[PDB]
């Protein structure tokens, strides 16, 4: 393995939205995220433009400036935690991600088991990103905030 897919990707609002996890990843700038040593997985959202995206993004481009909150629930134990993914880059391109404590989680209940993952996604305007709205070069309005849901079995840190 190396990279473990979470559920099936969704296509909505002119974007493909997939979720994957890796082993914990050391990040810079130092302190921008939970330390790899204190985590068990690195959760990623992969979000790219589809064909005929309605907001001016060419097919395949990364969708930047999104706000992505997450909710991770172990449905066996009831354990719930929430956070936000941050924009970042790996050698294979930009994405949104976060290091997450699972077995290391202090309240516990985030071990091996069945999970529900929710991403809550809001458009780039929230982060100061503009749209041309003239007749010749303008683009359509952005989507309203929305959620996408996945189910997956967590088997431990990929190795």
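Residue numbers count along the first chain shown, from 1. Here, rigid core means the biggest group of C-alpha atoms that superpose within 1.5 Å across both forms.
After a core fit, the C-alpha atoms in 5 other deposited structures of this protein lie farther on average from the shown form in one of 57 to 65 and 100 to 108, namely 100 to 108.
In a rigid core superposition of the other structures in 5 other deposited structures of this protein, 40 to 48 and 26 to 34 differ in how far their CA atoms stray, and the farther one is 26 to 34.
Note on 43 to 51 vs 25 to 33: mean CA B-factor is higher in 25 to 33. Relative to its counterpart among 86 to 94 and 124 to 132, 124 to 132 has the higher mean temperature factor, C-alpha atoms as listed in the PDB entry. Among the modelled residues of its chain, residue 60 has a C-alpha B-factor that falls in the lowest third, as given in the PDB entry. In this PDB entry, the Cα temperature factor of residue 112 sits in the top third of its chain's modelled residues, the highest group.
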